[PDB]
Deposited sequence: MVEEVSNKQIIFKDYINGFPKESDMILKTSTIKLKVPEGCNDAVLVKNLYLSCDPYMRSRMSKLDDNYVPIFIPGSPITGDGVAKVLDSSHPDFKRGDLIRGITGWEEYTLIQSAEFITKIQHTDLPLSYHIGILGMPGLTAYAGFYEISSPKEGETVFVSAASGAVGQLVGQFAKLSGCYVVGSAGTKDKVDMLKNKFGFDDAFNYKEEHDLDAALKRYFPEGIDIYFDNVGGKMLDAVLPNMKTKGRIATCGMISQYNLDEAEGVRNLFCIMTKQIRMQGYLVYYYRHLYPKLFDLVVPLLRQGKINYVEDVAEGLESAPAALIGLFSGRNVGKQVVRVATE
């Protein structure tokens, strides 16, 4: 039984405002590469990829919190891809590749097993992106929540991100006219060139968001896929069509504010008869087969594209997570901990 070093990213303590790299601490611990005797229904894994996700910011402040907080002194946890080294669980065996909740470290003794699934060709990292939680988020928000119909107009914010880039391609599959906003020229070019968006604009260079939306949506928006909230959401509301739908997926412009911004155009919910509906992807896990059945053939034919941002090494993970809130990532942010 080899006992080896185990680098970990430890959560320091609760924060306010924007997260900093000193809120996460590199610690070198030790681990024996065997499931402990008397420790049952557990899986010991070597972590291969880690996902960086905006919701992780909310785990860094103590609040009624919608996701359980990080524990100070303990490793950051989140979605990852890992290889089973040893198992006391009947459904996992040495060599299996899994996806699910694991530790921000080289090796994790996963004690529940509820939060992991065995990986069924495509890049391993896809299982925490288009074939994982962000892909399921895009599928549930667009197809289940938004009720898209052929010919409808669709606006997507954070459109080059892990979720948004898929929403735009689903909208094209549905025969919709789709526009996205993103924060750099490169992201805007990628929206039109690889994600098949009909148009796109850099919201950071638009001094009048209402005017920008009217450029692209002269007769209004049928479906707004909201990833950002805040001023963008407020500009969208008067530009919705009657009976338009807003899929409230996230509001990343708010996650680092002590006081959330006021949204002032909600009267448009009445005047435009809008259905604004939020959702949490965990309540849609039963749709994973429907996601796979749709996107796996398209990926194989190269008819749907997925762009990832791969940070190299566990030590790069804190900066990769902080970069989400400045738009440093181009596509789905992942961390490569080890090859395998």
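- Annotation: deposited residues 1, 65, 123-124 are not represented by C-alpha coordinates in the model.
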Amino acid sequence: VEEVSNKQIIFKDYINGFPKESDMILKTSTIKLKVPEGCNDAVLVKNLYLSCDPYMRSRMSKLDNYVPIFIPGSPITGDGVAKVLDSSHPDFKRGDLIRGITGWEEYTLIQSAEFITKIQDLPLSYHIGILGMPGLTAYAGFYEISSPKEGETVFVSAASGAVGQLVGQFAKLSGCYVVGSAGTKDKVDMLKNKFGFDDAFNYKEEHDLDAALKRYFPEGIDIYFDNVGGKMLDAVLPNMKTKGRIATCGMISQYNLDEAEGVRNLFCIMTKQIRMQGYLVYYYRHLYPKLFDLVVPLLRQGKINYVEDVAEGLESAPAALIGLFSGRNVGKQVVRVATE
From here on, numbers count along this sequence of modelled residues.
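- On average the C-alpha atoms of 42-50 have higher B-factors than those of the other stretch, with 276-284 and 42-50 being the two compared.
- As recorded in the PDB entry, 30-38 is the stretch of 310-318 and 30-38 with the greater mean C-alpha temperature factor.
- Between the residues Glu144, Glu152, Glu261, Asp96, the entry's highest C-alpha temperature factor is the one at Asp96.
- Residues shown: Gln254, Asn227, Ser74, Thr242. Highest C-alpha temperature factor in the entry: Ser74.
- In the deposited entry, the Cα temperature factor of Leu191 places it in the middle third of its chain's modelled residues.
- In this PDB entry, the Cα temperature factor of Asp234 sits in the bottom third of its chain's modelled residues, the lowest group.
- Sort the chain's modelled residues by C-alpha temperature factor and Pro218 lands in the middle third, per the entry.
- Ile25 sits in the highest third of its chain by CA B factor, as recorded in the PDB entry.
- Compared with the other modelled residues of the chain, the Cα B-factor recorded for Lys12 ranks in the highest third.
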